[PDB]
Amino acid sequence: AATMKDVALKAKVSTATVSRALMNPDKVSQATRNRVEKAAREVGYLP
């Protein structure tokens, strides 16, 4: 019962990134970007 928000903290992404992920999902670092994609399937939750 995880959340895309909880993952941000786990991957120390950025309160703005995860928040922008719905506005402009093209600012995350390449490396951090690949992790998010995979991390998204794991949690499979991103309202």
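Looking at the PDB entry, the protein carries the name Transcriptional repressor CytR, with the source organism given as Escherichia coli.

With that settled, the discussion passes to the pattern of salt bridges. All chains considered together, the criterion is met by one salt bridge. In this structure, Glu-42 engages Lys-10 in a salt bridge whose closest nitrogen and oxygen atoms are separated by 4.0 Å. Residue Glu-42 is located in helix 3 (residues 30-43), and its partner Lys-10 is located in helix 1 (residues 4-10); the two are separated by 32 residues in the primary sequence. Here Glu-42 falls in the exposed class, since its relative accessible area comes to 65%.

This part covers the environment of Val-43. Looking at the element boundaries, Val-43 is found in helix 3. For the pair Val-43 and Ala-1, spaced 42 residues apart in the sequence, the C-alpha separation amounts to 7.6 Å. Not counting chain neighbours up to four residues away, the residues in contact with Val-43 comprise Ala-2, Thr-3, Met-4 and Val-7.

Next up on the list: the environment of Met-23. Mapping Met-23 onto the fold places it in the loop between helix 2 (15-20) and helix 3. Taking the C-alpha atoms as reference points, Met-23 and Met-4, separated by 19 residues in sequence, lie 15 Å from one another.

All right, on to unusual backbone geometry then. A positive phi angle, close to 35°, is found at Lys-12, a residue other than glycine. Within the secondary structure, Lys-12 sits in the loop between helix 1 and helix 2.

Looking now at helix 3. Taking 1.5 Å of rise per residue, 14 residues should cover 20 Å, and helix 3 covers 20 Å from first to last C-alpha, within 8% of that figure. Just beyond helix 3, the residue with positive phi is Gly-44, at close to 40°.

Thresholds, definitions, all that
Residues numbered from 1 in each chain as written, not as in the entry; some residues may be left out. Heavy atoms only, no water. Salt bridge = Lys/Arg side-chain N within 4 Å of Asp/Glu carboxyl O. Helix = DSSP H or I, 4+ residues; strand = E, 2+ residues; numbered from the N terminus. Buried < 20%, exposed > 50% of the residue type's maximum accessible area, 1.4 Å probe, protein only. Contact = heavy atoms within 4.5 Å. Expected span 1.5 Å × (residues − 1).

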